[PDB]
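Chain nomenclature is as follows: A, B, C, D, E, F, G, H, I and J, assigned in order of appearance, with residue numbering initiated at 1 for each chain independently.
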C-alpha cells in the first residue's frame, strides 16, 4: 500500500507550458529528477499560493537537475485561462499537466472519488522513474515548498552515496 | 443498451446559476421537464455557440415548463470563471452543473474515458424522471437547439394524449 | 456505454430494395457514409411520414456520398407488402433492411425486448464503419429528416478537416 | 428435452382476432382445449393453405371445445394487413397471436434464431394447461390440418378415459 | 429444445431384423432417408397397431429410399420374443432397434425419466443425417402411419426442388 | 464406496408377482429381511437357471423371514411375458421388480452403462434397511443360491447374537 | 460404482510371504489370475478360519494358475508375528500383503473409515488386471473358500470359451 | 504448521490398558496433564526401549499428575499380542492407544502417508487440553524419556507461576 | 489507495513509555490529535536524530493537544534497551509503540516486506481517528520535525474553522 | 503437517556473526549439518541461558561437522547491541541470523502471528538440506542444549548407517 520504488507507468497527456500547449509523456520525465505537484482545483484560493511558492524555488530545482509537473483534474484549456486570469499562475514557468481522465491521480492514488479532485499530494521521482518520497495532505492543509526541496536534496544525497552516515 | 424509460439515479452535485453557487440534486429535477445538455470542455470554441443557442430558446423552454441543465466534467469554480471571461456564457441564465467525479456522464454513458470529457449529448427527461429521448454526437459535430426544442414538444404532446394519430 | 467510434460488426441481412429482394452485408455498407434509420413497425400510422421524408432527402444524400438503410424487426416479405399497399413506402428508393433476428437492433442497442420492436433511432456511420453521431427516441416521438442531413453534412465536414481544425 | 405434460407459462400478447385487436393471456386460454399453430412468416410467397385448412375445420374444433391460436413472429399490425390483402386469411375466424419478442416461440422451443422465424409447429394443450402432443417441421415441409384434428380427438379420448387405461 | 437440422450423433446398438440379431450404427443409417419410430413398450396390453400399420406402408417406404427404425427401451432379446408371441410383430420386416442404455431416447429427447420409456415419437431424417421433421405424443395418443409417409414425401420433394419454389 | 450399512433409499416401482402386477415400495420391503437379486436381461440363457435356483430355496427363505426381489432393467410387462412363456419363470413365487428407469440399479451401483443391463449382483438387506453383505459378478459368471442362503443365516445369526466368539 | 472390468492400479507394498518379507508390486501380480482376500484385523477370532480355509484350497488355486493375496491394514511386521504365534497362520503359503497406508483398501473401496479396517471382501482379478467378480461382507459374516474357488473356475471358463450357450 | 496452544479435538478410540481393552476419549484425557507418545510400529525389529524407558519414569509421571498415552497405527488386538510376546511391553502400565483410522496421527500431523505409520513424536498437553510442547523425529532417531519429563516439569512450573517471572 | 479520512482500526499494542512498559489501544489514542512516527529500526545511526527532534518539539505538541507515537517493528524489550544504551533515546518522553506483528505498519500500508521494516513515514490523525495528512519517505531520506508541527497546526486550524472558511 | 525430509527453501538473510555483519544463504548452509535455533526475543527479561548453553557445546558441534544458526524476528542491528550489552551473548561464536520479515519463521512454521515472535524451536537439518528432527516449545518452556547435541549425534548415526537399518 505504498509506492516507494515503484516505476512510473506508461502515459501521455496534455500540458500547459509557457503560454502554449504541449504533450508530455513518460519518456519526457526520464533523465531528470521530477516533482509531481498535485492540487485540487484551478480558479481556487489556496492553490495559487502553493503553485506560486513552487515557482520561487523552481530555479533552484532546475539547478538540481529537477523538473516540476503540477497536476490537476482540470483540462489544459482551463490551465491557460487560469494563467491569463491570475498573475500568480501567469508567472509559472514549469509545465502544468492536465488530467481530466484521472490516469495520473489514480495511478498515484491521490484522487478523491467524491469530489473528483486530486489531493494536495507531492511526489519526488528519480531519473529512472522510481518514486522515492511523497506526501499526501487533505484539502485545506497547505504545503511548504522549502521542505519539498529539502527532501529532493536529501534523496539525491542518498542516490549518489550508497552508505549514509550521521555527523 | 439504451436509457429510454430509465429513471434518474439519486445524485447531488455543485452548480453555477446566475453568478452564484448552488447544490442541485435529483429532487430538484422532478416536477418539471428537463434537458441535460452535456458538452466537452469550458474555455472552448464550439461549446459557447451551443450553450448560447440554448440560452436563446431557454425562455421558450421555461414556457413549456422545462428546466435546462448544462453538464461538463469541469468544476463549478471553472464555470464561474468561464461566465466572467466570455460574454456568451455570462448571458446564460440556466444552471450549469459541474461533474468532476463523472457520476452524471457515466450514468448517462456519455463519458469519453480517454479524453475525460463528456460527448455532445442531450437528454430529454420527463417530470417523473424518465428518459424520453436523447442524442449523442462526437466532438466537432455541433447541435441544433431548435430540433432539441421540437423533440421536447413532440414528447410532451405524446405524454398528454395516449393515442397519437397522423394528420 | 455509448457507441461512438465503434466499428460495424460483421453481419448478413435480407433486404427489400426498390422492388426487389437483395442481401446486404457489412462489406456493402463500408466504403461510404451510412445512415441507419430504425423504426418500430411496418403497417403503422406514424412510421410512413419519417421514411417518406428521408426519400425526399435521399437524392441529396446520394450526392453527399451517403446510403440510407431503414431497419425494423419485420421480415423482408413484409417490406415488399408494405411498399405495395401504400404509395409513401412504394416510392422508397433506398434499401429496406429486415431484422427479425434483432441482430442489428441488439448491436445498436436499440431493441425494446418487451414489444420486440426497435426504437425510433438514427445512426450516422463513416466509410470506415465508425459510428459518429446518433439519436434514440421513444415510441411516439417522430424525427426530422433535415436534421439528419445537417448532422451528416456536419460530421463529414469534420472528417475532411481533421478534428475540427477549420 | 420435451414438453409433454408441461404447463403454459403465464404470458400476455397482442392478437388480431375477428377484424380487431385484442390482448390474449393464459387466463383466456385455460378452461378449454387449445391448439397453438406456429408458422414462419406473414406475406410469404408460399401459399398459406395451412391457415386456410385450419379455418375449414375450425367449426369442427369449436364443437370439440377447442380454440385455435395461430402464432408467428410478425406483429399484430402485420396480421391485419395480411387479412385485408388475401382472401384466405380474410376468412380466418380464430385468433392470430403476435410474437415479435419471441416470448411464445422460445417457450415452446420452436424459434429459428438465425432467421428470427418460428418453425411449422403445432401444439395440442389441455384445458388444465398441459401439453399433450406436438409436431415440429422444417420450413417447406407443410402440415395436414385433418391430422391435427385427429390428434385432438385422440387426446380428448384419453383425457376423459382415466380409468381402464393401462393403470 | 429443437432438433431441426441436427445431425445424428455417433452410436452403435443391438437390433432385431427379420429373424436374426444385427448391430446397427450411425454409418448404416446414412445414405438413405430414415424414420425413427419410438414407442413405449414391447409386450404392451395396448396392441401394437402402430408398428403393424408402419409395416403395411413399409414396402412403399422402401420404394421412396427410406428405412424404418422402430425404437424401444426394451432389449433385443425381448424384440425377438415379442415377434414370436404375436403375428403383428412377427410380420415386421424393418429393423427393431433396442435402446436399453437410453442413448437414442436421450439424444432425441424422447425419454420419460420417471417410467424409463420412450414417448410415442417419430423422427424423419435425411440421408445426410439431418433431422427434418418430427412429432411427440403422450402415452395413449396413437399415431397415423399414412401421415408420416406424407411428411417424408413432402420432405423429399422439398429436397428434390429445394430453395426454388415460386421464382 | 463399499455400500455396507447404508440404508435403502425411498422408492416405488412396478413388479410382476405371482401372475399379477403390484406396486412395491420401500415401506413394503422394510420390516423383514430381503435379498435383492439383480440379473442382466429377460429371455436370456443363464438368468433363468439362477432365478429358478432361488425359487427352490424360496420356501426356506420365507421360513427364515426373508423375501426375495429379483430385479432387471426389463419392464413388468416383460416379466409377465417371460413367466407364461418359460416354465422355470412361471414357477417363481417371489416378486419380480422392474427397473426400466434404472433407479435400483444406479442406487446399488450395479448398472452397466454400455448395455443398460444390471450385473449379476445379490444384496442382503436387514429389516431396518441396512445393506449387510453382497456380491457383484460379471455377465456369464453364474451364482449359487445355497451360498446366498448361508450368508443370510450368518447375517441373521450376527444380528441376534451380540458379543459372540 | 460397480468396479467390474476396472484395471488394477499401479502400486507397491510390503508383504510377509512364507517366513520372509517381500515387496509385491502390480507387475508381479499381472500375468496370472489373482484373488485379493481382504480381512479386518490380525489377532482376531474369525479371520484365521477364513485364511486357513483359503490355504486348504491354495494348491488347487495354484494348479488353476491363480495366486492368493490376503490383505489387511496391519503391517508386515504384524503378519510375521501372527504367523509364528498362531499355527493356522504359520501354515499359510500365499503372500500376506500389508496395507497400513490403506491404498489397496481405498482403491477396492473396502475400507471402514471408522475402524480403519478392511471388510471381509474377496476380489477375483484376471491376468490382464481386470476385476471380474467380487463380494463384500460386513464384519462377523464369514466367507466360504469353496464358493470363491467355484467363481474362479467360472471366470476362467468364460475367459476361454467365447460364444458359449 | 504449528500446534502450540491448540485444544484436543473430540475423539474416541480403542486402547490396551494393563491386561484389558478400554475405550479412551477426549473427556478421559482432560483433567490431568498428558503425554502423547507416538511410535511407528508394534512388533518392530527395533526393540521398543523408548516405550520401556517411558515405563521406568511412569511412576514419577503419575506423581506429577500426568498420564502417558502411547499411540500407534496398529490395532488394539496387536497391542495385547505385543505385550504377551515381549517383557518390555508386558511391563507397560499406561494406556496404549490404537489409531488404525489415523485420526490422532492426522490431527497431530505426525502420520507418514506413504508408510502409513506415525513418526517418533511426543506431545505434552495441559489439563485444559492445550498442546504445550512437542518433538518430531524421523524413523530411526530415538528419544530420551528423561528429557520429556524435564519438559513437563518446565511446563508445569510455568503453569504454576505463569506470567510472573522477574517483576 | 490513499488513507485520508480513514479511521483508526481497533488494535492493542505493547509500548515502552518513559521508563516503563504499558499497553496502548485505539481507545487511548482517540480523543486527541495523534502523530504516528514510523521508523526503520532501533540501534541504527539515522533514526536517533529524527526521534530526538520530535522530543524537542514534544512539549509544544502537548500544548497543541497532540500525542506522539513512535512505531517500529522492534519489540518493546528492544525500545527499553535502546533507551538505556543511548542518551538521545533515553530522554524520549512520548510513548514508543512496538509492532513485531506488523499490524500497524500493514494498516498504515508502510511496511517493506523484503526487509520487514517500516518506512520513514509520519501520519497526522484527528481525535475522531480520521487520518488527515501524511508523508512516506524511502529509507535514507530523513524528516523535519518542524514541518510535522506546522502541518498539525495547519490541520487543526482547518478543523476549528470548518473546511477552510477563514 | 510435518517437515521431516523437507528441503530448505532457497533464501538469503542478514546475520551477526563473530563481531561483524555477513549475509547467509542456503549455499552457505548446505554441505554441512545444521541446527536452526529459534528463540522469542533479544533483550528479554528472561535469561538467555539457552544461547549460552549452545555456545558451551558449540565446539563439540564444530567437531561433528555441524554449524549452529540462531534465529529470531529481531534485526541484525539488535543482535550486535545485545552482544555488546550482555557477556552471555558476547561469547557467542556461532552466526546469529535475523528474521524481521518472518521469512525463516514462516517456512519452519514457528512464528506466533499475535506477538510477531518465534517459538522456542530447534530444527536439525542434514548437509543435503533435509529436516531430520525438530522440537517446538511454548514461550517459557526452556530447552536443553545437551538434548539437541544428542539428537544430532543420533541423526548422524543413522545418516551414515544406510544398510542394515530395517531395510
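What to note about this one:
Heads up, the rule we're going with is that a residue touches a chain if its C-beta (ideal position, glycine included) is under 8 Å from a C-beta of that chain, and two chains touch if they have at least 3 such contacts.
Chains and their UniProt names: A, B, C, D, E, F, G, H, I, J = Alkyl hydroperoxide reductase C.
Steps from subunit C to subunit I, minimised over paths through touching chains, total 3. For the pair subunit D and subunit E, the fraction of shared interface numbers is greater than half, so the two copies use mostly the same residues to meet. Set side by side, the interfaces A-I and I-J show unequal numbers of C-beta pairs in contact, with more at A-I. Looking across A-B or H-J, the interface that copies D-E in more than half of its residue contact pairs is found at H-J. Averaged C-alpha coordinates give centres for subunit A and subunit J that are 49 Å from one another. Separating the CA-averaged centres of subunit C and subunit J is a span of 80 Å. One inter-chain figure worth recording: subunit B and subunit G are separated by 86 Å, centre to centre, where each centre is the mean of the chain's CA atoms.
In terms of which chains touch, the assembly is arranged as a closed ring, every chain touching its two neighbours and no others. Moving round the ring of chains, first from subunit I across to subunit J, one meets them in the order I, J, H, G, F, E, D, C, B, A.
Against subunit F, in their complex, subunit G makes its touches with residues 1-5, 45, 109-112, 119, 121, 132-138, 140-142, 144, 147, 150-151, 154-155, 158, 164-165. The touching residues of subunit F, counted against subunit E in their complex, run 41-44, 73-75, 77-78, 80-82, 85, 99-102, 113-117.
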